[PDB]
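Enquirer: Sharing structure-v1.pdb below, PDB, C-alpha atoms and all ligand atoms:
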```pdb
MODEL        1
ATOM      1  CA  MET F   1      37.411   2.928  -2.996  1.00  0.00           C
ATOM      2  CA  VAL F   2      36.006   6.454  -2.764  1.00  0.00           C
ATOM      3  CA  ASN F   3      34.469   7.300   0.600  1.00  0.00           C
ATOM      4  CA  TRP F   4      31.194   8.520  -0.895  1.00  0.00           C
ATOM      5  CA  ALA F   5      29.724   8.905   2.593  1.00  0.00           C
ATOM      6  CA  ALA F   6      32.447  11.431   3.405  1.00  0.00           C
ATOM      7  CA  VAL F   7      31.911  13.230   0.076  1.00  0.00           C
ATOM      8  CA  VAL F   8      28.169  13.497   0.705  1.00  0.00           C
ATOM      9  CA  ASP F   9      28.752  14.897   4.188  1.00  0.00           C
ATOM     10  CA  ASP F  10      30.992  17.638   2.764  1.00  0.00           C
ATOM     11  CA  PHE F  11      28.450  18.221  -0.025  1.00  0.00           C
ATOM     12  CA  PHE F  12      25.757  19.042   2.554  1.00  0.00           C
ATOM     13  CA  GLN F  13      28.130  21.282   4.535  1.00  0.00           C
ATOM     14  CA  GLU F  14      28.830  23.237   1.344  1.00  0.00           C
ATOM     15  CA  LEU F  15      25.177  23.262   0.273  1.00  0.00           C
ATOM     16  CA  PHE F  16      23.753  24.507   3.551  1.00  0.00           C
ATOM     17  CA  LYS F  17      26.549  27.013   4.124  1.00  0.00           C
ATOM     18  CA  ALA F  18      25.769  28.729   0.835  1.00  0.00           C
ATOM     19  CA  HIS F  19      22.013  28.247   1.060  1.00  0.00           C
ATOM     20  CA  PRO F  20      20.922  27.752   4.685  1.00  0.00           C
ATOM     21  CA  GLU F  21      17.260  27.990   3.740  1.00  0.00           C
ATOM     22  CA  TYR F  22      17.496  24.738   1.738  1.00  0.00           C
ATOM     23  CA  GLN F  23      17.877  22.920   5.074  1.00  0.00           C
ATOM     24  CA  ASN F  24      14.373  24.040   6.037  1.00  0.00           C
ATOM     25  CA  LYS F  25      12.883  21.506   3.581  1.00  0.00           C
ATOM     26  CA  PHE F  26      14.393  18.585   5.493  1.00  0.00           C
ATOM     27  CA  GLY F  27      13.600  16.590   8.640  1.00  0.00           C
ATOM     28  CA  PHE F  28      16.773  18.045  10.158  1.00  0.00           C
ATOM     29  CA  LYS F  29      15.632  21.662   9.764  1.00  0.00           C
ATOM     30  CA  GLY F  30      17.177  23.924  12.421  1.00  0.00           C
ATOM     31  CA  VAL F  31      20.050  21.575  13.326  1.00  0.00           C
ATOM     32  CA  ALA F  32      23.511  23.174  13.623  1.00  0.00           C
ATOM     33  CA  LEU F  33      25.750  22.213  10.668  1.00  0.00           C
ATOM     34  CA  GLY F  34      28.467  20.885  12.968  1.00  0.00           C
ATOM     35  CA  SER F  35      25.870  18.592  14.570  1.00  0.00           C
ATOM     36  CA  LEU F  36      24.296  17.092  11.424  1.00  0.00           C
ATOM     37  CA  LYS F  37      26.166  13.786  11.432  1.00  0.00           C
ATOM     38  CA  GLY F  38      24.641  13.007  14.833  1.00  0.00           C
ATOM     39  CA  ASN F  39      21.083  13.701  13.715  1.00  0.00           C
ATOM     40  CA  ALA F  40      18.900  10.667  12.882  1.00  0.00           C
ATOM     41  CA  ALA F  41      16.922  12.326  10.070  1.00  0.00           C
ATOM     42  CA  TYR F  42      20.160  13.456   8.436  1.00  0.00           C
ATOM     43  CA  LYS F  43      21.874  10.058   8.653  1.00  0.00           C
ATOM     44  CA  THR F  44      18.991   8.424   6.794  1.00  0.00           C
ATOM     45  CA  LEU F  45      18.832  11.124   4.118  1.00  0.00           C
ATOM     46  CA  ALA F  46      22.604  11.242   3.547  1.00  0.00           C
ATOM     47  CA  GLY F  47      22.526   7.439   3.154  1.00  0.00           C
ATOM     48  CA  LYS F  48      19.998   7.728   0.326  1.00  0.00           C
ATOM     49  CA  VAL F  49      22.134  10.326  -1.425  1.00  0.00           C
ATOM     50  CA  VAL F  50      25.131   7.980  -1.123  1.00  0.00           C
ATOM     51  CA  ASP F  51      22.852   5.261  -2.564  1.00  0.00           C
ATOM     52  CA  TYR F  52      21.903   7.474  -5.498  1.00  0.00           C
ATOM     53  CA  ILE F  53      25.567   8.205  -6.319  1.00  0.00           C
ATOM     54  CA  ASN F  54      26.392   4.471  -6.215  1.00  0.00           C
ATOM     55  CA  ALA F  55      23.366   3.730  -8.427  1.00  0.00           C
ATOM     56  CA  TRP F  56      24.643   6.233 -10.973  1.00  0.00           C
ATOM     57  CA  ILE F  57      28.104   4.673 -10.877  1.00  0.00           C
ATOM     58  CA  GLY F  58      26.549   1.213 -11.048  1.00  0.00           C
ATOM     59  CA  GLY F  59      24.312   2.122 -14.000  1.00  0.00           C
ATOM     60  CA  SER F  60      20.905   1.882 -12.316  1.00  0.00           C
ATOM     61  CA  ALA F  61      20.184   5.521 -11.440  1.00  0.00           C
ATOM     62  CA  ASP F  62      16.703   6.856 -12.221  1.00  0.00           C
ATOM     63  CA  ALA F  63      17.332  10.535 -12.963  1.00  0.00           C
ATOM     64  CA  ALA F  64      13.797  11.068 -14.291  1.00  0.00           C
ATOM     65  CA  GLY F  65      12.303   9.700 -11.072  1.00  0.00           C
ATOM     66  CA  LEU F  66      14.633  11.711  -8.851  1.00  0.00           C
ATOM     67  CA  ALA F  67      13.841  14.875 -10.791  1.00  0.00           C
ATOM     68  CA  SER F  68      10.082  14.307 -10.514  1.00  0.00           C
ATOM     69  CA  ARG F  69      10.283  13.732  -6.746  1.00  0.00           C
ATOM     70  CA  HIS F  70      12.296  16.917  -6.289  1.00  0.00           C
ATOM     71  CA  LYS F  71       9.891  18.940  -8.430  1.00  0.00           C
ATOM     72  CA  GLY F  72       7.282  17.548  -6.041  1.00  0.00           C
ATOM     73  CA  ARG F  73       9.152  19.214  -3.184  1.00  0.00           C
ATOM     74  CA  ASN F  74       9.337  22.502  -5.141  1.00  0.00           C
ATOM     75  CA  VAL F  75      13.046  21.926  -5.819  1.00  0.00           C
ATOM     76  CA  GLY F  76      14.062  22.840  -9.358  1.00  0.00           C
ATOM     77  CA  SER F  77      16.831  23.787 -11.785  1.00  0.00           C
ATOM     78  CA  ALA F  78      18.293  26.704  -9.832  1.00  0.00           C
ATOM     79  CA  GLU F  79      18.812  24.589  -6.709  1.00  0.00           C
ATOM     80  CA  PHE F  80      20.331  21.730  -8.688  1.00  0.00           C
ATOM     81  CA  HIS F  81      22.786  24.065 -10.437  1.00  0.00           C
ATOM     82  CA  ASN F  82      23.835  25.261  -6.979  1.00  0.00           C
ATOM     83  CA  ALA F  83      24.054  21.646  -5.801  1.00  0.00           C
ATOM     84  CA  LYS F  84      26.215  20.798  -8.811  1.00  0.00           C
ATOM     85  CA  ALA F  85      28.809  23.378  -7.735  1.00  0.00           C
ATOM     86  CA  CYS F  86      28.692  22.231  -4.106  1.00  0.00           C
ATOM     87  CA  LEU F  87      29.139  18.584  -5.068  1.00  0.00           C
ATOM     88  CA  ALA F  88      32.048  19.484  -7.354  1.00  0.00           C
ATOM     89  CA  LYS F  89      33.857  21.096  -4.402  1.00  0.00           C
ATOM     90  CA  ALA F  90      33.109  18.096  -2.172  1.00  0.00           C
ATOM     91  CA  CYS F  91      34.426  15.615  -4.718  1.00  0.00           C
ATOM     92  CA  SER F  92      37.617  17.646  -5.298  1.00  0.00           C
ATOM     93  CA  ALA F  93      38.223  17.939  -1.547  1.00  0.00           C
ATOM     94  CA  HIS F  94      38.232  14.125  -1.320  1.00  0.00           C
ATOM     95  CA  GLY F  95      40.068  13.210  -4.526  1.00  0.00           C
ATOM     96  CA  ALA F  96      36.839  11.782  -5.919  1.00  0.00           C
ATOM     97  CA  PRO F  97      35.669  11.694  -9.530  1.00  0.00           C
ATOM     98  CA  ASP F  98      33.398  14.517 -10.646  1.00  0.00           C
ATOM     99  CA  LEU F  99      29.646  13.789 -10.659  1.00  0.00           C
ATOM    100  CA  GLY F 100      28.728  16.650 -13.008  1.00  0.00           C
ATOM    101  CA  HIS F 101      27.172  14.350 -15.592  1.00  0.00           C
ATOM    102  CA  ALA F 102      24.901  12.705 -12.990  1.00  0.00           C
ATOM    103  CA  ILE F 103      23.601  16.135 -12.033  1.00  0.00           C
ATOM    104  CA  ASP F 104      23.291  17.146 -15.701  1.00  0.00           C
ATOM    105  CA  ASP F 105      21.072  14.087 -16.177  1.00  0.00           C
ATOM    106  CA  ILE F 106      18.774  15.133 -13.332  1.00  0.00           C
ATOM    107  CA  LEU F 107      18.806  18.690 -14.741  1.00  0.00           C
ATOM    108  CA  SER F 108      17.596  17.492 -18.161  1.00  0.00           C
ATOM    109  CA  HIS F 109      14.315  16.409 -16.520  1.00  0.00           C
ATOM    110  CA  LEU F 110      13.938  19.746 -14.707  1.00  0.00           C
TER     111      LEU F 110
HETATM  112  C1  LIG F 201      23.431  16.497  -5.952  1.00  0.00           C
HETATM  113  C2  LIG F 201      22.157  16.888  -5.875  1.00  0.00           C
HETATM  114  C3  LIG F 201      21.073  16.045  -5.161  1.00  0.00           C
HETATM  115  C4  LIG F 201      20.949  14.706  -5.076  1.00  0.00           C
HETATM  116  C5  LIG F 201      21.826  13.606  -5.729  1.00  0.00           C
HETATM  117  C6  LIG F 201      19.776  14.424  -4.265  1.00  0.00           C
HETATM  118  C7  LIG F 201      19.304  13.167  -3.955  1.00  0.00           C
HETATM  119  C8  LIG F 201      18.259  12.894  -3.105  1.00  0.00           C
HETATM  120  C9  LIG F 201      17.788  11.583  -2.715  1.00  0.00           C
HETATM  121  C10 LIG F 201      18.386  10.240  -3.193  1.00  0.00           C
HETATM  122  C11 LIG F 201      16.747  11.741  -1.893  1.00  0.00           C
HETATM  123  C12 LIG F 201      15.936  10.607  -1.224  1.00  0.00           C
HETATM  124  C13 LIG F 201      14.474  10.559  -1.657  1.00  0.00           C
HETATM  125  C14 LIG F 201      14.398  10.428  -3.145  1.00  0.00           C
HETATM  126  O1  LIG F 201      15.090   9.534  -3.714  1.00  0.00           O
HETATM  127  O2  LIG F 201      13.651  11.240  -3.755  1.00  0.00           O
HETATM  128  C15 LIG F 201      16.529  13.162  -1.712  1.00  0.00           C
HETATM  129  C16 LIG F 201      15.545  13.726  -0.929  1.00  0.00           C
HETATM  130  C17 LIG F 201      15.304  15.069  -0.786  1.00  0.00           C
HETATM  131  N1  LIG F 201      16.024  16.110  -1.375  1.00  0.00           N
HETATM  132 FE1  LIG F 201      17.565  15.885  -2.655  1.00  0.00          FE
HETATM  133  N2  LIG F 201      19.226  15.636  -3.848  1.00  0.00           N
HETATM  134  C18 LIG F 201      20.006  16.662  -4.382  1.00  0.00           C
HETATM  135  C19 LIG F 201      19.814  18.028  -4.225  1.00  0.00           C
HETATM  136  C20 LIG F 201      18.831  18.636  -3.468  1.00  0.00           C
HETATM  137  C21 LIG F 201      18.651  20.060  -3.233  1.00  0.00           C
HETATM  138  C22 LIG F 201      19.544  21.210  -3.769  1.00  0.00           C
HETATM  139  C23 LIG F 201      17.595  20.230  -2.435  1.00  0.00           C
HETATM  140  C24 LIG F 201      17.090  21.622  -1.967  1.00  0.00           C
HETATM  141  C25 LIG F 201      16.309  21.778  -0.894  1.00  0.00           C
HETATM  142  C26 LIG F 201      17.039  18.914  -2.150  1.00  0.00           C
HETATM  143  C27 LIG F 201      15.935  18.607  -1.383  1.00  0.00           C
HETATM  144  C28 LIG F 201      15.494  17.355  -1.011  1.00  0.00           C
HETATM  145  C29 LIG F 201      14.368  17.133  -0.132  1.00  0.00           C
HETATM  146  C30 LIG F 201      13.463  18.203   0.503  1.00  0.00           C
HETATM  147  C31 LIG F 201      14.233  15.623   0.013  1.00  0.00           C
HETATM  148  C32 LIG F 201      13.183  14.858   0.836  1.00  0.00           C
HETATM  149  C33 LIG F 201      13.549  14.946   2.317  1.00  0.00           C
HETATM  150  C34 LIG F 201      12.514  14.216   3.137  1.00  0.00           C
HETATM  151  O3  LIG F 201      11.692  13.466   2.549  1.00  0.00           O
HETATM  152  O4  LIG F 201      12.501  14.386   4.383  1.00  0.00           O
HETATM  153  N3  LIG F 201      17.825  17.967  -2.795  1.00  0.00           N
HETATM  154  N4  LIG F 201      17.462  13.845  -2.482  1.00  0.00           N
ENDMDL
END
```
Would you mind writing the file's structure down as structure tokens?
Ligand code: HEM

Expert:
Amino acid sequence: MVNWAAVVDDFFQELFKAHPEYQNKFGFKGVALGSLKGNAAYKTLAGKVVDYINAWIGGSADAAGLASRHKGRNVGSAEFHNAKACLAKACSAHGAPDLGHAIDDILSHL
């Protein structure tokens, strides 16, 4: 039983460390990284990312839909390549399987 919630938390720490400006697009803009887990906007968003990972594992993920919604937020290939690397670190740090192919699937629609 992978703790995907823990992996996603480390994913966002990696993501926003390397690219702080990405955080500006979220409802938790401006919040200190060490404080994120206590922020209500963050908790909801991280929960949806955990949901997406479990949908991919479970076979129900909609990569086309997720890509389209991110393009709608002006988030594209460059950002998702960066996210891929950040998620790879977060999985490794928790002994979790690599999610590279899930990200590749989103990338194919970007
Ligand atoms: C591993 C890569 C990523 C995954 C799996 C992912 C997944 C998700 C999910 C499931 C949502 C919830 C709403 C929806 O389903 O569309 C979401 C929202 C969002 N994501 Fe991502 N995302 C990723 C990378 C990124 C990156 C790099 C950015 C760069 C800024 C980003 C920006 C956003 C924004 C702005 C929202 C909406 C926030 C809001 O409505 O308040 N995402 N993402």

Enquirer: Can you build me a table of chain F residues sitting at most 7 Å from ligand LIG 201 (chain F), with the closest atom pair per residue and its distance in Å to one decimal, using all atoms listed in the file, sorted by chain and residue number, as JSON lines?

Expert:
```
{"residue": "F:22", "atom": "CA", "partner": "F:LIG201", "partner_atom": "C25", "distance": 4.1}
{"residue": "F:23", "atom": "CA", "partner": "F:LIG201", "partner_atom": "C25", "distance": 6.3}
{"residue": "F:25", "atom": "CA", "partner": "F:LIG201", "partner_atom": "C30", "distance": 4.6}
{"residue": "F:26", "atom": "CA", "partner": "F:LIG201", "partner_atom": "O4", "distance": 4.7}
{"residue": "F:27", "atom": "CA", "partner": "F:LIG201", "partner_atom": "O4", "distance": 4.9}
{"residue": "F:45", "atom": "CA", "partner": "F:LIG201", "partner_atom": "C12", "distance": 6.1}
{"residue": "F:48", "atom": "CA", "partner": "F:LIG201", "partner_atom": "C10", "distance": 4.6}
{"residue": "F:49", "atom": "CA", "partner": "F:LIG201", "partner_atom": "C10", "distance": 4.1}
{"residue": "F:51", "atom": "CA", "partner": "F:LIG201", "partner_atom": "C10", "distance": 6.7}
{"residue": "F:52", "atom": "CA", "partner": "F:LIG201", "partner_atom": "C10", "distance": 5.0}
{"residue": "F:53", "atom": "CA", "partner": "F:LIG201", "partner_atom": "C5", "distance": 6.6}
{"residue": "F:66", "atom": "CA", "partner": "F:LIG201", "partner_atom": "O2", "distance": 5.2}
{"residue": "F:69", "atom": "CA", "partner": "F:LIG201", "partner_atom": "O2", "distance": 5.1}
{"residue": "F:70", "atom": "CA", "partner": "F:LIG201", "partner_atom": "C28", "distance": 6.2}
{"residue": "F:73", "atom": "CA", "partner": "F:LIG201", "partner_atom": "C30", "distance": 5.8}
{"residue": "F:75", "atom": "CA", "partner": "F:LIG201", "partner_atom": "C24", "distance": 5.6}
{"residue": "F:79", "atom": "CA", "partner": "F:LIG201", "partner_atom": "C22", "distance": 4.5}
{"residue": "F:80", "atom": "CA", "partner": "F:LIG201", "partner_atom": "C22", "distance": 5.0}
{"residue": "F:82", "atom": "CA", "partner": "F:LIG201", "partner_atom": "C22", "distance": 6.7}
{"residue": "F:83", "atom": "CA", "partner": "F:LIG201", "partner_atom": "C22", "distance": 5.0}
{"residue": "F:84", "atom": "CA", "partner": "F:LIG201", "partner_atom": "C1", "distance": 5.9}
{"residue": "F:87", "atom": "CA", "partner": "F:LIG201", "partner_atom": "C1", "distance": 6.1}
{"residue": "F:103", "atom": "CA", "partner": "F:LIG201", "partner_atom": "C1", "distance": 6.1}
```

Enquirer: With distances taken over only C-alpha atoms, which of F:104, F:68, F:78, F:46 is nearest to residue 7 in chain F?

Expert: F:46

Enquirer: Hey, could you pull the box centre and edge lengths for range 96-108 of chain F, axis-aligned, 5 Å padding per side, all listed atoms, to one decimal in Å, as AutoDock Vina command-line options?

Expert:
```
--center_x 27.2 --center_y 15.2 --center_z -12.0 --size_x 29.2 --size_y 17.0 --size_z 22.2
```

Enquirer: Given the choices F:57, F:67, F:32, F:41, which gets closest to residue 97 in chain F if the distance is worked out from all atoms listed in the file?

Expert: F:57

Enquirer: What is the distance, in Å and to one decimal place, between CA of residue 95 in chain F and CA of residue 62 in chain F?

Expert: 25.4 Å

Enquirer: Report the distance between CA of residue 92 in chain F and CA of residue 65 in chain F in Å, rounded to one decimal place.

Expert: 27.2 Å

Enquirer: Expanded to explicit residues, what is the PyMOL selection byres (((chain F and resi 108) around 10) and not hetatm) for this file, as an mmCIF file with C-alpha atoms, in the coordinates of the input?

Expert:
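Saved as part_13.cif:
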```cif
data_model
loop_
_atom_site.group_PDB
_atom_site.id
_atom_site.type_symbol
_atom_site.label_atom_id
_atom_site.label_comp_id
_atom_site.auth_asym_id
_atom_site.auth_seq_id
_atom_site.Cartn_x
_atom_site.Cartn_y
_atom_site.Cartn_z
ATOM 1 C CA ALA F 63 17.332 10.535 -12.963
ATOM 2 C CA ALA F 64 13.797 11.068 -14.291
ATOM 3 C CA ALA F 67 13.841 14.875 -10.791
ATOM 4 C CA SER F 77 16.831 23.787 -11.785
ATOM 5 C CA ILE F 103 23.601 16.135 -12.033
ATOM 6 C CA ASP F 104 23.291 17.146 -15.701
ATOM 7 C CA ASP F 105 21.072 14.087 -16.177
ATOM 8 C CA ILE F 106 18.774 15.133 -13.332
ATOM 9 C CA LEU F 107 18.806 18.690 -14.741
ATOM 10 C CA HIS F 109 14.315 16.409 -16.520
ATOM 11 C CA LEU F 110 13.938 19.746 -14.707
#
```

Enquirer: Dump as a PDB file with C-alpha atoms, in the coordinates of the input all residues having an atom at most 10 Å from (26.4, 30.1, 11.2), computed in the file's coordinates with all atoms listed in the file.

Expert:
```pdb
ATOM      1  CA  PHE F  16      23.753  24.507   3.551  1.00  0.00           C
ATOM      2  CA  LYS F  17      26.549  27.013   4.124  1.00  0.00           C
ATOM      3  CA  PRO F  20      20.922  27.752   4.685  1.00  0.00           C
ATOM      4  CA  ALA F  32      23.511  23.174  13.623  1.00  0.00           C
ATOM      5  CA  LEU F  33      25.750  22.213  10.668  1.00  0.00           C
ATOM      6  CA  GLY F  34      28.467  20.885  12.968  1.00  0.00           C
TER       7      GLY F  34
END
```

Enquirer: Work out how far apart CA of residue 101 in chain F and CA of residue 76 in chain F are and give it in Å to one decimal.

Expert: 16.8 Å
